[PDB]
Each structure stands twice: as C-alpha cells, then as structure tokens.
Number of protein chains: 2
Amino acid sequence: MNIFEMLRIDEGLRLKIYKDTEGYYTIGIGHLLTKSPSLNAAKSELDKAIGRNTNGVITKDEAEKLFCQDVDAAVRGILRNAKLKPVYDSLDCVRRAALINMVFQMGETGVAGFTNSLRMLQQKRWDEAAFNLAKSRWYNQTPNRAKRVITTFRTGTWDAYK
Amino acid sequence: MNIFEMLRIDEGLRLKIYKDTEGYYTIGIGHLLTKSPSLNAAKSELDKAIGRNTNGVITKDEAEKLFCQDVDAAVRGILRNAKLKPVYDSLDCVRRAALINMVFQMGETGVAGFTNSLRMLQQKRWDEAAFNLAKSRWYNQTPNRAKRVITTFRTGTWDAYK
Ligand SMILES: [Cl-]
Ligand SMILES: [Cl-]
Ligand SMILES: [Cl-]
Ligand SMILES: [Cl-]
Ligand SMILES: [Cl-]
Ligand SMILES: [Cl-]
C-alpha cells in the first residue's frame with residue numbers, strides 16, 4: 001500500500017466525465033474538473049487539462065497522468081502551507097499519506113483550517129485526533145472514506161486499506 | 001504507472017537480505033542497508049530500520065514501509081538541493097518521476113553533480129540530455145535500467161515501463 005494505491009481505492013477510476021460525491025464534474029481518479037453546473041464548462045476544462053479535444057472521454061493512461069499531477073499538487077500544497085507543513089514534517093510516512101489524502105479530497109485551504117485536529121496530530125495524540133476529526137462535515141458526508149483515513153491517522157498502519 | 005510502480009519494477013522485491021548490483025547489502029524494494037562488507041552490520045541496520053529483531057528477514061508490509069520512506073527521502077533530497085530543485089521544478093510529472101528514480105538509485109549528491117545533463121534537462125533539450133546521460137558510469141553499469149529512465153526523460157511518457 002502507498003499514497004497512490006490508497007487514493008485509487010478512495011477515488012475509483014472512471015474514464016468518462018461523472019459527478020463526484022458533491023455533485024461536481026470529475027473524471028479519472030478523482031480529478032475535479034470544475035464546480036460549475038455546466039457540462040460544457042467541464043468539457044472545456046478537460047480538453048485544457050489533457051491537451052486535446054476529448055469530448056468527455058479519456059484513456060486510462062491520461063487518467064493516471066492527471067492523478068500523478070494531482071497527488072504532486074496535494075504534496076506541494078502541504079509543503080507551501082504554514083499550517084500544514086509543520087504537521088506533515090512531524091508525521092511518519094503512513095500518516096503523511098493520510099494527510100495527503102485529505103488535501104487531495106478537500107484542498108490545501110480546507111484542511112489547513114482544521115486547527116484543533118492538526119494540533120492533536122502534531123502532539124501525537126492519535127486517539128484524540130481521531131475523535132476530533134470525526135466531528136466534521138467531511139466525516140458526515142463521506143463516512144466510510146473518512147473512517148479509513150482516520151484509522152490510518154489513529155494507527156499509523158494500512159489496516160483500513162487491506 | 002507512477003513513481004512507486006516504476007521503482008518497484010526497477011528495484012524488485014526481496015524479503016531477505018541480498019546484495020544489490022554494486023555488491024551492497026540490501027533488502028525489500030531496493031532498500032540499501034549499508035556499504036559495509038559485514039553481514040552482521042547489515043543485520044543491525046535492518047533491525048534498527050524495522051524496529052525489531054528481524055534476523056535478516058522482513059514481511060512484504062515492512063518492505064513497502066521502507067519503500068515509502070525511501071521514495072519520500074528521495075523527493076526531500078531533491079527539494080533541499082540547490083542543484084536539483086530548479087530542474088525538478090521545471091519538469092512535468094513523468095520526468096519528475098525519472099529524476100526521483102535516479103536519486104533513489106544514486107543519492108542526492110550523486111545526481112546533483114551531473115551538471116551538464118541537468119542543464120540540458122532544464123533547457124528541455126530532451127534528445128541531447130538523453131545522449132549526455134548515457135555517458136555515465138550509471139548507464140554502463142546498469143544499462144537496461146538506465147535506458148528505461150533515459151527513455152522516460154526523452155519522451156515524457158511511460159513507454160519504457162509498459
Ligand atoms: Cl478553459
Ligand atoms: Cl464515503
Ligand atoms: Cl466504501
Ligand atoms: Cl545500527
Ligand atoms: Cl540494468
Ligand atoms: Cl531488465
């Protein structure tokens with residue numbers, strides 16, 4: 001198990017434009033295209049992202065390329081963030097994966113605002129952090145995924161993914 | 001394909017201590033234990049790395065954990081290096097993987113010294129860079145692996161791994 005296999009499990013793989021859990025146009029392995037209600041806007045974002053006229057469909061190779069960029073972007077976002085970097089630096093590799101997962105799903109700014117949970121993680125109070133993380137819209141709206149991610153933070157193991 | 005799958009192909013997976021291509025004690029997915037000729041020294045490094053008395057054998061989970069740390073370390077090494085960071089920043093995701101691969105194999109300092117090849121990469125002179133990279137002990141000692149990595153730099157595709 002690793003960050004790519006973890007997110008592939010959590011995000012799935014679909015080669016045609018679809019709506020994600022929040023109702024937003026998405027493709028590939030959780031590649032958010034746009035929060036716009038317009039399918040045409042989503043198609044234009046897709047063509048720009050892939051560099052050709054796709055008409056709403058991509059190949060597995062193309063999906064994996066967007067995925068690589070998106071994981072890269074989540075890590076870069078963490079490293080550039082004054083709130084996230086200290087926490088990330090303090091974690092082991094498995095828990096780093098859990099943080100990357102959250103940022104991938106919610107964005108840098110979204111996760112950076114979880115001040116209390118981040119403090120507990122930095123303090124290595126794993127059970128307390130886990131309980132605090134579950135007090136979130138994130139947990140309530142995607143409970144099975146959030147439970148897997150929280151288990152990863154709680155245990156520092158890949159048990160929730162095996 | 002991604003950096004983990006790429007290195008897993010290039011490094012293999014072995015659960016008992018073995019000697020790598022340079023004759024150095026190694027385990028898992030290309031986890032170098034020590035350059036020391038002493039198997040006992042290698043066993044001590046392994047126990048320290050895993051956090052238990054292993055007697056020269058690890059599980060697949062443990063091998064994957066060392067692998068996660070080692071990929072993380074290669075990326076951190078690139079980002080902290082004044083010579084490597086500018087090149088890495090200039091590359092697309094696929095070619096970033098090729099650079100991580102080199103650092104994983106040769107180390108931060110080893111790759112950072114390839115001044116001419118790094119310049120050609122930064123300049124996006126892909127064919128020239130590819131020819132220059134092959135003028136190396138690296139290429140001569142591990143030609144099939146180096147060819148795959150160079151192809152990745154030349155094309156910005158995963159063709160050498162599919
Ligand atoms: Cl656009
Ligand atoms: Cl869920
Ligand atoms: Cl599920
Ligand atoms: Cl030691
Ligand atoms: Cl080789
Ligand atoms: Cl081979």
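A, B, ... follow the sequence lines: proteins, then strands. Residue 1 opens every chain. Just so it is clear, the values below take in all heavy atoms, side chains as well, and ignore hydrogens, waters and symmetry mates.
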Report the distance from atom [atom1] of [X] to atom [atom2] of [Y], rounding to the nearest 0.5 Å.
{"X": "B:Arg154", "Y": "B:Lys147", "atom1": "CZ", "atom2": "NZ", "answer": "12.5 Å"}
{"X": "A:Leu99", "Y": "A:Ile78", "atom1": "CG", "atom2": "CD1", "answer": "4.0 Å"}
{"X": "B:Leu79", "Y": "B:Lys85", "atom1": "CG", "atom2": "NZ", "answer": "6.0 Å"}

Sub-3.5 Å donor-acceptor pair from the side chain of [X] to the main-chain atoms of [Y], do we have one?
{"X": "A:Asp47", "Y": "A:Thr54", "answer": "yes"}
{"X": "A:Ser117", "Y": "A:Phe114", "answer": "no"}
{"X": "A:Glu64", "Y": "B:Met1", "answer": "yes"}
{"X": "A:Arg96", "Y": "A:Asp89", "answer": "yes"}

If you apply the rule side chain to side chain contact (heavy atoms under 4.5 Å, CB included), what do you find for B:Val71 with A:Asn2, and how did you get there? CA-CA 11 Å; B:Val71 175; A:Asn2 58 58; over 6 Å; no
Would you mind reporting whether [Y] and [X] have side-chain heavy atoms less than 4.5 Å apart?
{"X": "B:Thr152", "Y": "B:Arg95", "result": "no"}
{"X": "B:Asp61", "Y": "A:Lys162", "result": "yes"}
{"X": "A:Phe67", "Y": "A:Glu11", "result": "no"}
{"X": "B:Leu133", "Y": "B:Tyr139", "result": "no"}
{"X": "B:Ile100", "Y": "B:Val75", "result": "yes"}
{"X": "B:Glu62", "Y": "B:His31", "result": "no"}
{"X": "A:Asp10", "Y": "A:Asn101", "result": "yes"}
{"X": "A:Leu84", "Y": "A:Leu118", "result": "yes"}

For the residue pair [X] and [Y], what are the closest heavy atoms and their distance?
{"X": "A:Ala97", "Y": "A:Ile3", "answer": "O-CD1, 3.3 Å"}
{"X": "B:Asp72", "Y": "A:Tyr88", "answer": "OD2-OH, 4.2 Å"}
{"X": "A:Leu46", "Y": "A:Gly56", "answer": "CD2-CA, 3.8 Å"}
{"X": "B:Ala42", "Y": "B:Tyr25", "answer": "CB-CB, 3.5 Å"}
{"X": "A:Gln122", "Y": "A:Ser90", "answer": "NE2-CB, 3.8 Å"}
{"X": "A:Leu13", "Y": "A:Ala63", "answer": "CD1-CB, 3.7 Å"}

Steps toward side chain to side chain donor-acceptor pair (under 3.5 Å) verdict (A:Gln105, A:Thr142): CA-CA 10 Å; A:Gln105 186 182 0; A:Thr142 52; 3.3 Å; yes
Run the numbers on A:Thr157 and A:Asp159 for side chain to side chain donor-acceptor pair (under 3.5 Å), then give the verdict. CA-CA 5 Å; A:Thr157 71; A:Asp159 288 346; 3.2 Å; yes
Are A:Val57 and A:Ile50 co-members of a hydrophobic cluster defined by side-chain heavy atoms under 4.5 Å apart?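 No, no single cluster joins them.
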Single-linkage hydrophobic cluster, 4.5 Å side-chain cutoff, B:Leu39 and B:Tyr18 together: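 Each belongs to a different hydrophobic cluster.
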Less than 4.0 angstrom from a charged side-chain N to a carboxylate O is my criterion; do A:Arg119 and A:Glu128 meet it?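 A salt bridge is absent here (no side-chain N lies under 4.0 Å from a carboxylate O).
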With side-chain hydrogen bond (donor to acceptor under 3.5 Å, both in side chains) as the rule and sequence neighbours excluded, what pairs involving residues 34-46 of chain A come up?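 Qualifying pairs, neighbours excluded: A:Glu45-A:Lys48.
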Over 12 foreign heavy atoms within 6.0 Å of NZ, A:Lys124: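 Yes - once you tally the heavy atoms of other residues, nucleotides and ligands closer than 6.0 Å, there are more than 12.
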Does anything in residues 12-23 of chain A pair up under salt bridge (charged side-chain N to carboxylate O under 4.0 Å, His left out), and if so which pairs, sequence neighbours excluded?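 Those involving residues 12-23 of chain A are A:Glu22-A:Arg137.
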Other than A:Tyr24, which residues form its hydrophobic cluster under the rule that side-chain heavy atoms must be closer than 4.5 Å?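 Once heavy-atom contacts under 4.5 Å are chained together, A:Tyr24 belongs with A:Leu32.
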Does NZ or CZ of B:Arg148 lie under 6.0 Å from the centre of the six-membered ring of B:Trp158, at an angle within 45° of the ring axis?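 So B:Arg148 doesn't make the cation-pi contact.
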Would B:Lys65 and A:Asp92 satisfy salt bridge (charged side-chain N to carboxylate O under 4.0 Å, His left out), going step by step from the backbone distance to the final call? CA-CA 10 Å; B:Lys65 194 176 184 165; A:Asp92 55 275; 5.2 Å; no
Working for side chain to side chain contact (heavy atoms under 4.5 Å, CB included), residues B:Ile27 and B:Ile58: CA-CA 8 Å; B:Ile27 197 165; B:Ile58 62 175; 3.7 Å; yes
